[PDB]
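# A look at the structure
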Amino acid sequence: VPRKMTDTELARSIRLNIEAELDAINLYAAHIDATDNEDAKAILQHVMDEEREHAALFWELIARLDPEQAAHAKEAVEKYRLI
Amino acid sequence: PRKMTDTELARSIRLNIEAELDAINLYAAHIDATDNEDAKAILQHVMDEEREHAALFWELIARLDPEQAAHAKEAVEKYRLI
Amino acid sequence: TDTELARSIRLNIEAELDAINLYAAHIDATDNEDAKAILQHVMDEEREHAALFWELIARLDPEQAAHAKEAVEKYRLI
Amino acid sequence: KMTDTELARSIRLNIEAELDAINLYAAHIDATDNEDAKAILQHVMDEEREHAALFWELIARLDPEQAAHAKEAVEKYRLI
Amino acid sequence: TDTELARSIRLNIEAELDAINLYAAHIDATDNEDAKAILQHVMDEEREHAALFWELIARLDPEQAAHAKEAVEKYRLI
Amino acid sequence: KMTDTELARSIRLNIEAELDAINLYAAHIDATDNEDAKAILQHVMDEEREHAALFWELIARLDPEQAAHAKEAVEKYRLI
Amino acid sequence: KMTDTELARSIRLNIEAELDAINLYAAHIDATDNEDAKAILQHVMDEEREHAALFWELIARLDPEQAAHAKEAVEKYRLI
Amino acid sequence: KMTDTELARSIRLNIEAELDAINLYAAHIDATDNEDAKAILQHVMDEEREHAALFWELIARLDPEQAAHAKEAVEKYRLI
Amino acid sequence: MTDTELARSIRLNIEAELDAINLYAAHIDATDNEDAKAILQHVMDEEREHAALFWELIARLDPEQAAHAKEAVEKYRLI
Amino acid sequence: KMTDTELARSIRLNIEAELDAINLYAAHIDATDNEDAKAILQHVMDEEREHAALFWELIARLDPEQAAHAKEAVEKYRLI
Ligand SMILES: [Fe+3]
Ligand SMILES: [Fe+3]
Ligand SMILES: [Fe+3]
Ligand SMILES: [Fe+3]
Ligand SMILES: [Fe+3]
Ligand SMILES: [Fe+3]
Ligand SMILES: [Fe+3]
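Residues numbered from 1 in each chain as written, not as in the entry; some residues may be left out. Chains lettered and ligands numbered in written order. Heavy atoms only, no water. Residues with missing side-chain atoms left out of burial classes, pairs and counts.

In terms of determination method and resolution, the entry is listed under X-ray crystallography at 2.4900 Å.

So, on to the overall build of chain A. The secondary structure content of chain A amounts to three helices and zero strands. Along its sequence from the N terminus, chain A presents helices and strands in the succession α-α-α. Over its C-alpha trace chain A gives a radius of gyration of 17 Å, far above what one expects of a compact globule, namely 12 Å for 83 residues. With the C-alpha coordinates of chain A rotated into their principal frame, the extents come out at 50 × 45 × 15 Å. Sequence separation of at least 24 residues holds for 64% of the intrachain contacts in chain A that already meet a minimum separation of 6. (Helix = DSSP H or I, 4+ residues; strand = E, 2+ residues; numbered from the N terminus. Rg over C-alpha atoms; globule rule 2.2 N^0.38 Å. Contact = heavy atoms within 4.5 Å.)

Attention now goes to the overall build of chain I. Within chain I, the secondary structure is distributed over three helices and zero strands. From first element to last, N terminus to C terminus, chain I shows the α and β order α-α-α. Compactness check: chain I gives a C-alpha radius of gyration of 16 Å against a globular reference of 12 Å for 79 residues, more than 25% above the reference. Along the first, second and third principal axes, the C-alpha set of chain I runs to 45 × 40 × 15 Å.

Here we come to the coordination of the iron ion (ligand 7). Note on the iron ion (ligand 7): its protein donors are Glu18 of chain G (OE), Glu47 of chain I (OE) and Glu47 of chain I (OE). The metal-donor distances range over 2.4 to 2.7 Å. In this structure, the iron ion (ligand 7) is positioned 3.6 Å from the iron ion (ligand 6), and both are ligated by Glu47 of chain I. Taken together, the residues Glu18 of chain G in helix α1 (residues 8-29) and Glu47 of chain I in helix α2 (residues 35-59) connect one chain to another. (Donors = N, O, S within 2.8 Å, 3.2 Å for Na, K, Ca; no water.)

This brings us to the interface of chain F and chain E. Contact with chain F, which involves 28 residues of that partner, is made by 29 residues of chain E. Between chain F and chain E, the buried area comes to about 2300 Å², and carbon and sulfur atoms account for 65% of it. In terms of surface lost to chain E, no three residues of chain F exceed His28, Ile40 and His51 of chain F, which account for 19% of the buried area on that side. Linking chain F with chain E are one salt bridge, by the criterion used here. Between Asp36 of chain F and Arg59 of chain E there is a salt bridge, with its nearest N and O atoms 2.3 Å apart. Applying the counting rule to chain F against chain E returns nine residue pairs in polar contact. Residue assignment for the side of chain F that touches chain E shows that the elements contributing at least two residues are α1 (4-29) and α2 (35-62) of chain F. Considering every element that reaches the side of chain F that touches chain E, the biggest residue donor is α2 of chain F, with 14 residues. (Buried area = accessible area lost by both parts, 1.4 Å probe. Salt bridge = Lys/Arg side-chain N within 4 Å of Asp/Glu carboxyl O. Polar contact = N/O pair within 3.5 Å; in protein donor to acceptor, adjacent residues only side chain to side chain.)

Attention now moves to the coordination of the iron ion (ligand 2). With distances of 2.3 to 2.4 Å, the protein atoms coordinating the iron ion (ligand 2) are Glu51 of chain A (OE) and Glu20 of chain B (OE). Here the iron ion (ligand 2) and the iron ion (ligand 1) are spaced 4.3 Å apart. Of this pair, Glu51 of chain A sits in helix α2 (residues 39-63) while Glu20 of chain B sits in helix α1 (residues 7-31), which puts the two residues in different chains. Summarising the burial analysis for this pair, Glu51 of chain A and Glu20 of chain B share the class buried. (Buried < 20%, exposed > 50% of the residue type's maximum accessible area, 1.4 Å probe, protein only.)

Right, let's talk about the packing of aromatic side chains for a bit. Scanning the model with the defined rule gives 15 aromatic pairs over all chains in all. Considering the side-chain rings of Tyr25 of chain G and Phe54 of chain I, the 5.6 Å spacing of their centres and the 75° angle between planes classify their relative orientation as edge-to-face. With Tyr25 of chain G in helix α1 and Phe54 of chain I in helix α2, this residue pair bridges two chains. As far as the burial class goes, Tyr25 of chain G and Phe54 of chain I line up, both buried. Between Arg51 of chain B and the ring centre of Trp54 of chain C, over which it is positioned, the NZ or CZ distance is 5.5 Å. The side chain of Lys74 of chain C reaches across the aromatic face of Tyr75 of chain C, ending 3.1 Å from its centre. (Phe/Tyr/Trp six-rings, centres within 6.5 Å; stacked < 30°, edge-to-face > 60°. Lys NZ or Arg CZ within 6 Å of the ring centre and 35° of its normal.)

What follows is about the interface of chain H and chain A. Taken together, the contacts link 29 residues of chain H with 32 residues of chain A. Every element with two or more residues in the side of chain H that touches chain A is listed here: α1 (8-29), α2 (36-60) and α3 (68-77) of chain H. Considered class by class, the residues forming the side of chain H that touches chain A number 13 nonpolar, one polar and 15 charged. (Nonpolar A, V, L, I, M, F, W, Y, C, P; charged D, E, K, R; others polar.)

Here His51 of chain G lies in helix α2 (residues 35-60). Residue contacts for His51 of chain G: discarding those within four places in its chain leaves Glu18 of chain G together with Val43, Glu46, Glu47 and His50 of chain I.

To continue, consider the nonpolar core. In summary, soluble globular proteins display a tendency toward joint burial of nonpolar side chains. Grouped together as the largest cluster of nonpolar side chains are 186 residues, with contacts concentrated most on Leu39 and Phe53 of chain E together with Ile14 of chain I. A total of twelve residues in this core trace back to one element, the largest contributor, which is α2 of chain A. Dropping the residues within four chain positions of it, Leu39 of chain E is found in contact with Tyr23 and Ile27 of chain E together with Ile11, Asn14, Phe55 and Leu58 of chain F. (Core = buried A, V, L, I, M, F, W, Y, C linked by side-chain atoms within 4.5 Å.)

With that settled, consider the packing of α1 of chain G against helix α1 (residues 7-28) of chain I. One can describe the packing of α1 of chain G onto α1 of chain I by two numbers: an axis separation of 11 Å at closest approach and a directional angle of 170°. Taken as axis vectors, α1 of chain G and α1 of chain I run roughly antiparallel relative to one another. Contacts from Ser10, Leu13, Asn14, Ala17, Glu18, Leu24, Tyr25 and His28 of chain G of α1 of chain G reach α1 of chain I at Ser9, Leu12, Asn13, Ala16, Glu17, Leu23, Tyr24 and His27 of chain I. For the contact of α1 of chain G with α1 of chain I, a count of residues per class yields eight nonpolar, six polar and two charged. (Axes fitted to C-alpha atoms, helices over the stretch in contact; angles between N-to-C directions. Parallel < 35°, antiparallel > 145°, perpendicular 65-115°, else oblique.)

The next thing to look at is a negative patch on the surface. A cluster of like negative charges, contributed by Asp32 and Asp48 of chain B together with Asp2, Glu4, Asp61 and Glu63 of chain C, occupies part of the molecular surface. Inspection of the secondary structure puts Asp48 of chain B in helix α2 (residues 37-62). (Patch = residues over 30% accessible without salt bridge, like charges linked within 9 Å, V, L, I, M, F, W, Y side chains within 5 Å. Areas by Shrake-Rupley, 256 points an atom, 1.4 Å probe, with all protein chains shown as cover. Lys, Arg positive; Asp, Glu negative; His and termini not counted. Charge placed at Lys NZ, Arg CZ, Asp CG, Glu CD.)

On to helix α1 (residues 6-27) of chain C. Taking 1.5 Å of rise per residue, the 22 residues of α1 of chain C would be expected to cover 32 Å, and the 32 Å separating its terminal C-alpha atoms lies within 8% of that figure. With 16 of its 22 residues buried, α1 of chain C lies for the most part within the structure. (Expected span 1.5 Å × (residues − 1).)

So, on to the arrangement of the chains. There is no contact between chain A and chain G; across them, the least C-alpha separation is 29 Å. The two units chain B and chain J are non-contacting; their minimal C-alpha-C-alpha distance is 15 Å.

This paragraph deals with unusual backbone geometry. You will see that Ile83 of chain A, though not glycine, has its phi angle at about 55°, which is positive. Looking at where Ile83 of chain A falls in the secondary structure, it is placed in the segment after α3 (75-80). We note that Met2 of chain J has phi near 65°; this positive angle belongs to a residue other than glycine. Summarising the element assignment, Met2 of chain J is placed in the segment before α1 (8-29).

Structurally, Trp54 of chain E can be placed in helix α2 (residues 33-60). In this structure, the C-alpha to C-alpha distance between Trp54 of chain E and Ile78 of chain E, residues 24 residues apart in sequence, is 25 Å. Residue contacts for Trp54 of chain E: discarding those within four places in its chain leaves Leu19, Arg49, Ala52, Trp56 and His69 of chain D together with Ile13 and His67 of chain E.

Moving on: α1 of chain I. Note: α-helices contain 3.6 residues per turn, so residues at a spacing of three or four share the same orientation. With 22 residues, α1 of chain I extends 31 Å from end C-alpha to end C-alpha; this agrees with the ideal 32 Å at 1.5 Å per step. Most of α1 of chain I is tucked away, with 16 of its 22 residues classed as buried.

A separate point is the side chain of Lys76 of chain J. Note that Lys76 of chain J resides in helix α3 (residues 72-77). Beyond its immediate sequence surroundings of up to four residues, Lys76 of chain J is in contact with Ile40 of chain G together with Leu53, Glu56 and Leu57 of chain I.

This part takes up the pattern of salt bridges. Taken as a whole, this structure holds 23 salt bridges over all chains when the rule is applied. Among the ionic pairs, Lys76 of chain F bridges to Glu57 of chain G, the shortest N-O distance being 3.5 Å. Placement of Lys76 of chain F in helix α3 (residues 73-77) and of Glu57 of chain G in helix α2 is noted, with the two residues assigned to different chains. As far as burial versus exposure is concerned, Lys76 of chain F and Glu57 of chain G are alike and both buried. Across the salt bridge formed by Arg49 of chain H and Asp46 of chain H, the nearest N and O atoms sit 3.8 Å from each other. Linking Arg49 of chain H with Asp46 of chain H, this pair stays in helix α2, spanning three residues, or about one helical turn. Assessed through its relative accessible area of 12%, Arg49 of chain H is described here as buried.

Here is the structure:
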């Protein structure tokens, strides 16, 4: 019940939406290499790229809330930081 | 890892229509479960784009081995049901 | 009128399509004729069901304006 | 397989799927108050019932024996 | 009267059929005859159980008028 | 040489399925007020119990060693 | 219900859970040839088996009857 | 594979798993009044967030297109 | 066939032990019987012993126990 | 409960989930041969192991008895 309506409910829900978008992109990535039709493959790459933009959009929202966005700012330094 | 023109192509696209609509229902539930405006905006945006994804997969099954002859008497047989 | 009605009809579309896929998997799992033929009949009827639920959800509140530009988005790729 | 461990078990599962679909449509008749939705739910449920009965006719004269469904209406009779 | 009793009995039919499917899958994975015999016995009893549930759900609520015209729709494809 | 994870484990699964069926039907006796449903539920549930007992007696002789279910009556009695 | 579907359902679930754990440890015994794993997995399997037998005696003193689980040793030989 | 099938899809799945862990730990933050547990939970949740950020930058620095990380900040402001 | 065939399996066995303890505890806290409570708490104690045993097994195996030497200090290192 | 099932069982679940994360990354080490992936996966797996150790002492440095985890090194040695 103690939920500021906006500061803690939709955050778990939008992380869920990120997960769902990512799984959908995974399925379309599995399906690009599963036929030799060219138009179907093309429309699948289009929908896959659009879902990819969805994932980026939900990610950029999920960063700018009460969770810590400095972790997704210290990521470019921590990537190369492994030797 | 597998290639077939009939089921390995059609069954998967029928599944994809289900997946698009699952996303649509989930998004519609997320529109009606908060009062955020940024979240509402990005959710209705993503929801409308999946609505295009679902319509496109519906044309894929139409322009596939399945028959778009079901979608020619459907507007009348809905009306043929009262 | 909403999830009470719309989410349930989306779900019924999933169920119809799942029945078509399952019966198609059972048709491509034999080379008989009795099961194949009557399963083709049940498959055809399931497909009609899915089309019917699709026209209903179009003729309800939601925006089927994607199913008006779907014929143009199919044609637009060659 | 294809008749022993496959087809009949798979067709039993097909009957199972028809029963589940009808269960969903019957729950959906009384979970809204629309008339168009009510009409098409009853219509699709009727056709599903046709599907389930016909799959039952297949399983009767398929590998399983249609002698069990016939010596059961009297075992029901055991309720008064 | 609805999904709590009748649909639940349809669920019971589902459970009977799945139990028969599992026991039949277990009969076709060995040639030990003692297990095969008791498994086939239990399966025959499950089969009568499932038939019993089917005739009850015919009487409880939904219409078995398809289950009177089912041999009639079976015959139409030969 | 599989009578272990091809014969015995399968019977553990069969006991699991029987017990789950008994639990499901017992939930179905406690979810309505009908007599006919009561009659068929009590009949089929008792027969399922018989099935579970049959599978248990099968698993006793198949593989595992029943040194516990002969020494078990003392561990219940060990208090109260 | 409580004693019928809170007491009995819970202990049948306990038997099922014991069976699931035993099946998992048995699958892991035949999925390696290590000696530490074999020894400790067989030990844990022995203790789970003890747990399962004890849960079975618990359900004996509940809603199921040994009127079938005492006629199971007599009914096994008469089935082939 | 090790570039497309098993590499890009797998890293997206790992991102999903880390996000599920973050959501779970946030649920455990809102279900207690312990402060040592709260502290370790916000620390581990932050570390999972660090994992999610790292996996996101890798999947960007992989085959997939990081052009969304140039477009999304403009397409979000465009939403009212 | 030495790491992910066995180590994931031993972690899974630990998972089963943990779920068994949680389920047993939920069934101990669902009645006011003492025979069932006592023997179920006993079985839970053996489940705890099992989880402990598998944990010591995984320590002398492929994963790194370098966390279990400074973990008592990083636990306290939070105030 | 705030201490029994709302706190303790949740921590049992959290340890289970951390083991799941390490297991998934261990499955992913056996599904590719890239070096960027190996580096970041080893980092996140090492951090997950740290998480699991932290939750293990939290459940240990609680009211339940870490006395099984004080005589474990002796009872395994009792296994051959
Ligand atoms: Fe999307
Ligand atoms: Fe989608
Ligand atoms: Fe249908
Ligand atoms: Fe049965
Ligand atoms: Fe049964
Ligand atoms: Fe155990
Ligand atoms: Fe146990």
